[PDB]
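Notes follow once the structure below has been shown.
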Amino acid sequence: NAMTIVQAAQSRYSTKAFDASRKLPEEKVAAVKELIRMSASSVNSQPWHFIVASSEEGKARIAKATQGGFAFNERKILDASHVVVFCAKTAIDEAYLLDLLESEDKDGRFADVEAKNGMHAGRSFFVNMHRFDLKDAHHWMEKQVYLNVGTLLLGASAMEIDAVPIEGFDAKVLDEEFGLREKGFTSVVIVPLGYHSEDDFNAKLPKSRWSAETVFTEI
Amino acid sequence: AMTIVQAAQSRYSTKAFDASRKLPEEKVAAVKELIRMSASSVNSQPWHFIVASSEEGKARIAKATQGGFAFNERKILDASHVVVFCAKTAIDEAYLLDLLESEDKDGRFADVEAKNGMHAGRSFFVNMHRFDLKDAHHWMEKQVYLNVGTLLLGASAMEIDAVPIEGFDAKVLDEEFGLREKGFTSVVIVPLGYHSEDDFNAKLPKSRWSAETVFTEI
Ligand SMILES: Cc1cc2nc3c(=O)[nH]c(=O)nc-3n(C[C@H](O)[C@H](O)[C@H](O)COP(=O)(O)O)c2cc1C
Ligand SMILES: Cc1cc2nc3c(=O)[nH]c(=O)nc-3n(C[C@H](O)[C@H](O)[C@H](O)COP(=O)(O)O)c2cc1C
């Protein structure tokens, strides 16, 4: 309820060190996957793909992208239980929209073939606007993926799962490591999940945010 | 875990709110704390939030949903509280120092070396976005979308109906509140309330790609 959600938002923090001996149970792993798969997205575009690494070898592959100037994020990836790599589509076309329309049809979203056509016209409008008017389709799809990351950070907290969102990685190295670009995807945020180690210095520091008077305008 | 999954599954985009039901003050205070506490790259918090709960407040916002975006009008007027997520239009050295000072007042830095450290680290990412990738506004809006994501789930966890809206005239909404001159721009509207019994999307099932399609387990 309100107590538990405000508590989950205040108690979560960006874990800097995970307990390498503790692993997430299948029940929490399955809840994490369902949560991100069910995420909302503009016109239900779901322009994403997720790599979920639980093996030591799989996490080592992801950690190749956190070397040199990004080495400070390496241990978070290697010591965590599960590492989720959020990927966004690099482009979107008519063929993707029709696949999406068909999956919605098979899920019983439309009463008539007319309501199906309506959803397609409405979606094609927002999509073509971003592709050709604002010319920011790739950034717009990345925004949907960040919204999803948001659901996972709060959701993980509510399940007593420690997490840390990571942008400090070489996306070119990570993309090449999983052939994402060739598949029409690019990595944008890495989120390791697990349990913080007691030595994690960031777990004892207070959370800092702008004051309410600064970020809100009530009318 | 079971209740947060049920949250993700039971929430949906409300197409009609009950104008007579209002959120309890305990949940509004929660909504506000939730979005203020959201994470962001380098704690950038590149946002501002308009929380409209009066008929006037909502009507002003509703000016942004007219013509081709009229289908979202009833949503903004009939909800209890409407949250307009705004993103910074630009980010400069002064904002980073301001942010550093707020972190310092909150006790994040044991010594000046940690304060200088955090500033050097955040300056690197911000300067990279402003001058190397040249995508600063997009980067900042992505942090804002991350925040919207916490509200959609959080709302659901509090059994609150909430619909994210992109179909509005940002120019009209921004001009209505003088946002651009103040260094902000509206990106997502999220009305919060309780759906009405005359809601068609509340009875339809939720469609998403399958697990085999969106996941790669390694
Ligand atoms: C998009 C995004 C990317 C981030 N990338 C990193 C990262 O590469 N390394 C890191 O240590 N923390 C990273 N963080 C954690 C932020 O610094 C953190 O969210 C912010 O300081 C707020 O503190 P909290 O997460 O503890 O509430 C990231 C956060 C976000 C939202
Ligand atoms: C960023 C964003 C913007 C949205 N904007 C609108 C909008 O302007 N009008 C609308 O009817 N629905 C809007 N939606 C609702 C989406 O259609 C919805 O998230 C998607 O169809 C998935 O269904 P659900 O939200 O019911 O789970 C938006 C969703 C997101 C994530």
Side-chain angles (χ1 to χ4, degrees), chain A residues 8 12-39 46 48-67 70-88 145-146 148-171 173-180 183 185-200 203, chain B residues 1-2 4-5 8 39 149 153 208-218:
Chain A
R12 62 156 300 286
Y13 77 103
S14 295
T15 292
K16 304 299 178 179
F18 291 90
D19 181 348
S21 63
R22 293 186 60 201
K23 304 303 176 186
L24 292 169
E26 182 42 44
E27 185 162 310
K28 289 181 176 180
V29 172
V32 159
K33 291 186 300 182
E34 183 68 11
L35 179 62
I36 71 185
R37 186 172 70 88
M38 292 295 97
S39 174
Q46 307 169 66
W48 50 57
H49 190 85
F50 319 98
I51 304 179
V52 182
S54 55
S55 69
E56 300 303 290
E57 54 269 31
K59 295 177 300 180
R61 290 181 62 192
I62 301 169
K64 300 164 78 70
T66 55
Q67 300 298 323
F70 297 133
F72 70 94
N73 284 320
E74 192 196 14
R75 286 264 56 97
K76 296 162 191 155
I77 295 170
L78 297 178
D79 294 350
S81 172
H82 289 67
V83 179
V84 181
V85 179
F86 287 75
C87 310
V145 175
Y146 273 77
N148 196 339
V149 168
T151 73
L152 173 58
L153 298 182
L154 183 58
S157 180
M159 305 184 194
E160 313 285 19
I161 297 174
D162 293 314
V164 54
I166 294 174
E167 269 173 0
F169 71 91
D170 185 332
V173 165
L174 186 52
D175 281 1
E176 196 276 348
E177 180 57 31
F178 292 91
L180 298 182
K183 288 296 188 173
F185 290 94
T186 187
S187 58
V188 294
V189 183
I190 298 172
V191 187
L193 302 173
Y195 310 88
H196 71 89
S197 57
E198 295 305 346
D199 277 65
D200 187 353
Chain B
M2 196 282 294
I4 203 63
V5 163
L153 185 60
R208 295 295 186 275
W209 304 115
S210 68
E212 288 74 19
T213 298
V214 295
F215 295 114
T216 300
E217 304 192 272
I218 67 175

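All chains are named by letter (A, B, ...) in the order of the sequence lines, taking the proteins before the strands, and each is independently numbered beginning at 1. Excluded from the calculations below are hydrogen atoms, water molecules and symmetry mates; all remaining heavy atoms, backbone and side chain alike, are included.
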At their closest point, which heavy atom of [X] faces which heavy atom of [Y], and how far apart are they?
X: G168(A); Y: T66(A); answer: O-CG2, 3.7 Å
X: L174(A); Y: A65(A); answer: CB-CB, 3.7 Å
X: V188(A); Y: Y146(A); answer: O-OH, 3.9 Å
X: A1(B); Y: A31(A); answer: O-CB, 3.9 Å
X: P165(A); Y: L153(A); answer: CG-CD1, 3.7 Å
X: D200(A); Y: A17(A); answer: OD2-N, 3.5 Å

Please confirm whether the backbone N or O of [Y] pairs with a side-chain atom of [X], one donor and one acceptor, at under 3.5 Å?
X: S39(A); Y: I36(A); value: no
X: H49(A); Y: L180(A); value: no
X: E74(A); Y: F70(A); value: no
X: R12(A); Y: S157(A); value: no
X: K16(A); Y: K76(A); value: no
X: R37(A); Y: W209(B); value: yes

Q | Nearest-0.5 Å distance that lies between atom NZ in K28(A) and atom CE in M159(A) | A |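 These two atoms lie 8.5 Å from each other.
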Q) Taking the six-membered ring of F178(A) as reference, does the NZ or CZ atom of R61(A) fall below 6.0 Å from its centre and within a 45° cone about the axis? A)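 Yes - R61(A) lies over the ring of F178(A), closer than 6.0 Å to its centre and within 45° of its axis.
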(Q) So for atom CD, which belongs to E27(A), do other residues, nucleotides or ligands contribute more than 12 heavy atoms lying within a distance under 6.0 Å? (A)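 Atom CD in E27(A) is not packed in, count stays at 12 or less.
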Q: Count the heavy atoms of every other residue, nucleotide or ligand shown that sit under 6.0 Å from NZ of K64(A), and state whether that count exceeds 12.
A: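 Counting neighbours around NZ of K64(A), 12 or fewer heavy atoms of other residues, nucleotides or ligands fall under 6.0 Å, so no.
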Quick check on side-chain contact (heavy atoms from CB on, under 4.5 Å): which of [options] does [X] satisfy it with?
X: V191(A); options: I166(A), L152(A), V83(A); value: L152(A)
X: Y195(A); options: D79(A), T15(A), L24(A); value: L24(A)
X: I190(A); options: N73(A), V149(A), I62(A), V164(A); value: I62(A)

For the residue pair [X] and [Y], establish whether any side-chain heavy-atom pair is separated by less than 4.5 Å.
X: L35(A); Y: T151(A); result: yes
X: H82(A); Y: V29(A); result: yes
X: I4(B); Y: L153(B); result: yes
X: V32(A); Y: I161(A); result: yes
X: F18(A); Y: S81(A); result: no

Q: Please work out whether the ring planes of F50(A) and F215(B) are parallel, tilted or perpendicular, with thresholds of 30° and 60°.
A: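 Taking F215(B) first and then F50(A), their aromatic rings sit tilted (interplane angle of 30° to 60°).
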Q) Parallel, tilted or perpendicular: which describes the rings of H196(A) and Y13(A), with under 30° parallel and over 60° perpendicular? A)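 The rings of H196(A) and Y13(A) stand perpendicular, inter-plane angle above 60°.
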Q: Go through the steps to decide whether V84(A) and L193(A) satisfy the test side chain to side chain contact (heavy atoms under 4.5 Å, CB included), and finish with yes or no.
A: CA-CA 8 Å; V84(A) 181; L193(A) 302 173; 4.0 Å; yes
**Q.** Side-chain donor-acceptor contact under 3.5 Å, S21(A) with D19(A)
**A.**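 There is such a pair (donor and acceptor under 3.5 Å, judged by atom type) between the side chains of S21(A) and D19(A).
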Q | Salt-bridge contact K33(A)-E217(B) (side-chain N to carboxylate O under 4.0 Å) | A |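 Yes, charged N to carboxylate O under 4.0 Å.
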(Q) One thing to verify: whether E56(A) and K23(A) come together as a salt bridge, which I'm taking to mean a side-chain N less than 4.0 angstrom from a carboxylate O. (A)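 Counted as a salt bridge, because a side-chain N and a carboxylate O are separated by less than 4.0 Å.
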